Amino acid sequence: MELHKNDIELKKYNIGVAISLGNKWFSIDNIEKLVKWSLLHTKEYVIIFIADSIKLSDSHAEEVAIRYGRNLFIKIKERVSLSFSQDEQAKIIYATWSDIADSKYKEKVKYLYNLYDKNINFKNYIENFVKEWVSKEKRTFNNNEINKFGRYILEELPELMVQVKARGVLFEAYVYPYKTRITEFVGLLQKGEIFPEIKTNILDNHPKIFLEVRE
């Protein structure tokens, strides 16, 4: 389990652990190893959060948090309390959707929602985006569901792009085991190489760092 550079060996940043809920790779064992790696390399804290999940709430991420994210965090806490010392455990923050999506955050999501509604090229790009995943799965989806899926992506985009606080703790970098279409898209957005109005409106010269860490 290592990083696929000297700022990490110099422990410059706090490190988020981005979890894809229900993705086959994110067994409790693999999550535990990502947490182990992050604790060894972090400036101080490790922030565990749910990055995606590919009517009890107006927000999809919030509904994921309450139906499933809480039971996931509980299992992670238990495993951690058996695997790590008490001093290590104290450095872990379990950041729920609520912890992350404060007032500043939701403004950035709202800018993206408004762009999704008013810019046909953005909408079409984000929707096409969703169809690539669903064309891998065996299940099929209709348009209204593809369109809603695209909105759920936008809710989570800022926490992969902008340095946000979780319970007042800034994390400048996060770990994820593989490059995805999402991480590629984010990297283009942060450089202004795609939909440059997004960088202009909600991004801020302090880009979140993506660390590719796996076995």
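Just count from 1 along the sequence shown to find any residue number.
**Q** For the step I54 to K55, what size class fits the number of deposited residues with no coordinates, none, 1 to 3, 4 to 9, or 10 or more?
**A** Per the record, 4 to 9 deposited residues are absent between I54 and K55.
**Q** If you count the residues of the deposited sequence that sit between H4 and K5 but have no coordinates, do you get none, 1 to 3, 4 to 9, or 10 or more?
**A** Gap between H4 and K5: 4 to 9 residues without coordinates.
**Q** As stated in the PDB record, which stretch has the larger average Cα B-factor, 110-118 or 137-145?
**A** If you average the C-alpha B-factors of 110-118 and of 137-145, the larger mean comes out for 137-145.
**Q** Mind pulling up the entry and telling me whether 184-192 or 164-172 has the higher mean Cα temperature factor?
**A** Here the higher of the two C-alpha B-factor means belongs to 164-172.
**Q** Among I19, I15, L10, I198, which residue carries the highest C-alpha B-factor recorded in the PDB entry?
**A** Largest recorded C-alpha B-factor: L10.
**Q** When the deposited Cα B-factors of this chain's modelled residues are ordered and cut into thirds, is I66 in the lowest, the middle or the highest one?
**A** Middle third.
**Q** Give the position of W97 by CA B-factor within its chain, expressed as the lowest, middle or highest third.
**A** According to the entry, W97 has a C-alpha B-factor in the chain's lowest third.
**Q** Place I74 in the lowest, middle or highest third of its chain's C-alpha B-factors, as listed in the PDB entry.
**A** Answer is middle: the recorded C-alpha B-factor places it there.
**Q** Would the CA B-factor of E32 place it in the lowest, middle or highest third of its chain?
**A** It belongs to the middle third of the chain when residues are ordered by C-alpha B-factor.
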